[PDB]
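Trainee: Okay, here's the structure, questions in a sec.
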Amino acid sequence: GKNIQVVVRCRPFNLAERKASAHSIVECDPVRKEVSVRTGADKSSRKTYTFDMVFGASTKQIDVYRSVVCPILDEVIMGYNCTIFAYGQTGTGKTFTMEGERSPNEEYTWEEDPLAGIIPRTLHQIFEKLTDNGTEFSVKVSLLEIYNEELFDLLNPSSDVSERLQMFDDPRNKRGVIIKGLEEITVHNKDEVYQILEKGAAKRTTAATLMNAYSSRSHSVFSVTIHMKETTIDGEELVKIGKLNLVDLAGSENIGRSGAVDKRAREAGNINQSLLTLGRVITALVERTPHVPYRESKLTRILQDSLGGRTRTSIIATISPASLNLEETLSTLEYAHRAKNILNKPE
Ligand SMILES: Cc1ccc(C(=O)N(CCCN)[C@@H](c2oc3cc(Cl)ccc3c(=O)c2Cc2ccccc2)C(C)C)cc1
Ligand SMILES: Nc1ncnc2c1ncn2[C@@H]1O[C@H](COP(=O)(O)OP(=O)(O)O)[C@@H](O)[C@H]1O
Ligand SMILES: [Cl-]
Ligand SMILES: [Cl-]
Ligand SMILES: [Cl-]
Ligand SMILES: [Cl-]
Ligand SMILES: [Cl-]
């Protein structure tokens, strides 16, 4: 029940906002666990939302990682597949958290830097934690980009100038999907990752257009796979496998409020499907429904094994308080509410 979780993150509106003239009545409160926004004459109305964990504008980037990650890794560290994703409108800090951030000016080491997102924060933990554990481990890192009816591998530009790749299901496992030439190179050195990592930004960064939706319209999935072998004085050798998936998603503004002027139509479309496929797939899992349409979305199909195998999943929604975008906040809220169902606390 508990393992599936929903997190919504709220921060103070950007300083640059004034030119827009956007007004933010939006609020985020952790202690209450509920976020309410004034509907605004008829402005007394305030939206009531309930989540187990709700990030605030004050809240540190580190605090979120410990809350949702610092917990998943141990299960994942044990050798259980887990998925952490950020969905919602665009530029809500998902990439900064997901791809991390670097403090302005000359700065402490990246692990040292406060700014960095889950991947940098998530990545920093694995090497250090293992050292304390002392178990032998091998690291494989892979990155993916989602374009409709197309798949790309960030790590290697080799063998391809820049072409879409087909995906193949595997007979040995009915659930399993196999992609040829998929590039995951296990990390020889943890320090080494940045040089290897540096390529991912450049290749994705250069090709974003036509495209034209890159970052904003592309989920972009980065996955880390761990192989662990630990000994024992009583031991003996024990083998465990850990897979962690970290991803970024398109903006949540498109999704309809329930019984919205537009819900299916607003959320409707081929581009729409990955988000829509996720809600039914994600929504179905919470319910326990016999049939889950993981198949409909390519991203969903790949994710099935981690979800399908015993796993823990955390679902994240990001919002902006400012008046200037009406659509993004509602779509995130409907998606979060729809995806996760919780009774609303009444104060
Ligand atoms: C503390 C911190 C956090 C994020 C960044 C950052 O902005 N990155 C670029 C992507 C957009 N935020 C990071 C980053 O860059 C990548 C570049 C390529 Cl080509 C492929 C993958 C990455 C990637 O996963 C990250 C995430 C990251 C990891 C550790 C520290 C910081 C960020 C740093 C390695 C600079 C820098 C420092
Ligand atoms: N809490 C925050 N405080 C200050 N700036 C933030 C915060 N969250 C996000 N940002 C800013 O927003 C930008 C990141 O948005 P981005 O990573 O492009 O998201 P997306 O890829 O979803 O568009 C960065 O310039 C970062 O400085
Ligand atoms: Cl807020
Ligand atoms: Cl809020
Ligand atoms: Cl912890
Ligand atoms: Cl722990
Ligand atoms: Cl198939």
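Sequence positions for chain A are given in Swiss-Prot numbering; the residues included correspond to 16-55, 58-364, in order.
If you're wondering, the header gives X-ray crystallography, 2.8 Å.
Note that Cβ sites are derived from N, Cα and C of the backbone, with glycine treated the same way.
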Trainee: For the feature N6-acetyllysine in Swiss-Prot, which residue out of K64, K111, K146, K191 does the record point to?
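Mentor: Out of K64, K111, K146, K191, Swiss-Prot attaches the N6-acetyllysine annotation to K146.
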Trainee: Gap validation: 2 unmodelled residues, flanks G55 and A58. CA-CA distance in Å?
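Mentor: Both gap-flanking Cα atoms are 7 Å from one another.
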Trainee: Cα of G110 (ATP binding site) to Cα of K146 (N6-acetyllysine): how many Å, rounded?
Mentor: 26
Trainee: Which residues in the same chain, at least 6 apart in sequence, have a Cβ under 8 Å from the Cβ of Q106 (ATP binding site)?
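Mentor: For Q106 (ATP binding site), the qualifying residues are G268, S269, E270, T335, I336, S337, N342, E344, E345, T346, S348, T349.
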Trainee: For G105 (ATP binding site), what is the secondary structure by DSSP, using just helix, strand and coil?
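Mentor: It is in a strand.
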Trainee: Can you tell which of the recorded positions (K111, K146) has the fewest other C-beta atoms within 10 angstroms of its C-beta?
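Mentor: With the recorded positions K111, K146, fewest surrounding Cβ atoms within 10 Å: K146.
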Trainee: Using Cα coordinates, what distance in whole Å links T112 (ATP binding site) and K146 (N6-acetyllysine)?
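Mentor: Taking the Cα atoms only, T112 (ATP binding site) lies 24 Å from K146 (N6-acetyllysine).
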